[PDB]
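Participant: got a sequence here, can you model it:
(one chain, ligands or ions: 1)
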Amino acid sequence: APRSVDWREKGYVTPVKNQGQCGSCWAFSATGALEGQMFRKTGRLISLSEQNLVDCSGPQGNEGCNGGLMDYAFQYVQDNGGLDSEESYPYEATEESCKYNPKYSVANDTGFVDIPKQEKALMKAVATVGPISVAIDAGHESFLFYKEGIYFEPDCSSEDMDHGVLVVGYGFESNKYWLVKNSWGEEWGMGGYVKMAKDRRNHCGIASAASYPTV
Ligand SMILES: CSCC(NC(=O)Cc1ccc(-c2ccccc2)cc1)C(=O)NC(CCCNC(=N)N)C(=O)N[C@@H](Cc1ccccc1)C(=O)NCCc1ccccc1
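Facilitator: Numbers count the residues shown, from 1 in each chain. Let me share the structure:
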């Protein structure tokens with residue numbers, strides 16, 4: 001159980017992406033976690049398609065630009081046997097017709113693992129699996145305008161998370177934080193990342209809906 005962890009240092013994370021004005025955060029959180037597992041498997045990091053998730057994962061329960069869950073995304077990837085790369089199926093920040101094409105699938109999983117709802121549990125998955133999809137309460141103006149530092153919202157709900165994101169590690173400043181990759185672009189926060197209060201009673205419920213695909 002290491003002191004600090006940062007999967008960006010090992011080539012597991014793709015650059016920061018932008019969901020644009022579309023409620024497809026679940027999809028970016030999903031591709032993020034998937035991108036990291038495939039890497040741990042094949043050794044190759046390849047950006048995955050969120051538009052692929054937004055357009056065809058309705059059967060599993062997702063609502064495209066109107067909402068979804070990372071697990072419905074892993075499930076879709078499981079029932080569909082594959083997922084098209086980002087290049088092949090570019091992102092358009094809007095719901096289009098399903099255009100999946102097996103010829104371009106570059107990833108796949110065989111389920112997912114819902115992590116026990118405890119921060120200590122999240123810490124081990126992060127330390128021993130890689131980037132983890134999680135959901136936090138980001139419905140506060142302070143989060144939207146987070147610039148840098150360790151984010152702490154004494155108004156954050158640990159039960160009503162509304163934003164899916166990617167935990168890429170954790171550490172502490174010379175005070176413990178979770179390293180989180182957001183999908184609002186690199187202009188947001190610290191190059192698109194945020195350091196969130198760690199071991200502070202599941203702040204914003206970050207450890208309450210953690211999960212990752214099994215490839
Ligand atoms: C504060 S940002 C929240 C959010 N995002 C958005 O609503 C949209 C949004 C998109 C881009 C920017 C943006 C800002 C600056 C620069 C560039 C872009 C801002 C907001 C969202 O709620 N997304 C949804 C759909 C809307 C739900 N209800 C509501 N707003 N009142 C979403 O699906 N969130 C997931 C998160 C989550 C994932 C996994 C576990 C727990 C929670 C969710 O709530 N999922 C559960 C609900 C659902 C399930 C199936 C179909 C539809 C909805």
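
Participant: how about the residues of this protein near the ligand?
Facilitator: Within the chain, the positions lying close to the ligand (C-beta under 6 Å from any ligand atom) are 18-23, 25-26, 61-63, 66-70, 135, 138-139, 161-164, 184-185, 209. Any C-beta I mention is one placed from the backbone N, CA and C, and that applies to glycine too.

Participant: and the residues you listed, which of them are in strands?
Facilitator: 135, 163, 164 (DSSP state E).

Participant: tell me, how many residues neighbour residue 94?
Facilitator: 14 (other C-beta atoms under 10 Å).

Participant: now do the contacts for it.
Facilitator: By C-beta atoms under 8 Å, 6 or more residues apart in numbering, residue 94 lies in contact with 22, 65.

Participant: quick check: closest non-adjacent residue to whatever residue of the chain ends up closest to the ligand.
Facilitator: The chain approaches the ligand most closely through residue 67 (2.5 Å), counting by C-beta to the nearest ligand atom. Sequence neighbours aside, residue 23 is the residue nearest to residue 67 in space, at 5.3 Å (criterion: C-beta to C-beta, 6 or more residues apart in numbering).

Participant: now residue 208
Facilitator: Closest residue to residue 208 apart from its sequence neighbours, by C-beta to C-beta, 6+ apart: residue 117 at 5.0 Å.

Participant: surely that neighbour is in contact with residue 161?
Facilitator: No - here residue 117 lies out of contact with residue 161, judged by C-beta atoms under 8 Å, at a distance of 11.3 Å.

Participant: so what's the spatially most central residue of the chain closest to, chain neighbours aside?
Facilitator: Closest to where the C-alpha atoms of the chain average out (C-alpha atoms, centre = their mean) is residue 29, at 2.3 Å. Using C-beta to C-beta, 6+ apart and skipping residues adjacent in sequence, the residue nearest residue 29 is residue 164, 3.4 Å away.

Participant: count of residues packed around the one you found?
Facilitator: So residue 164, with other C-beta under 10 Å, has 29 neighbours.

Participant: repeat that for residue 173.
Facilitator: Counted by other C-beta under 10 Å, the residues lying close to residue 173 total 9.

Participant: residue most distant from the centroid, this protein?
Facilitator: Within the chain, residue 174 marks the point farthest from the mean C-alpha position, 27.3 Å out by C-alpha atoms, centre = their mean.
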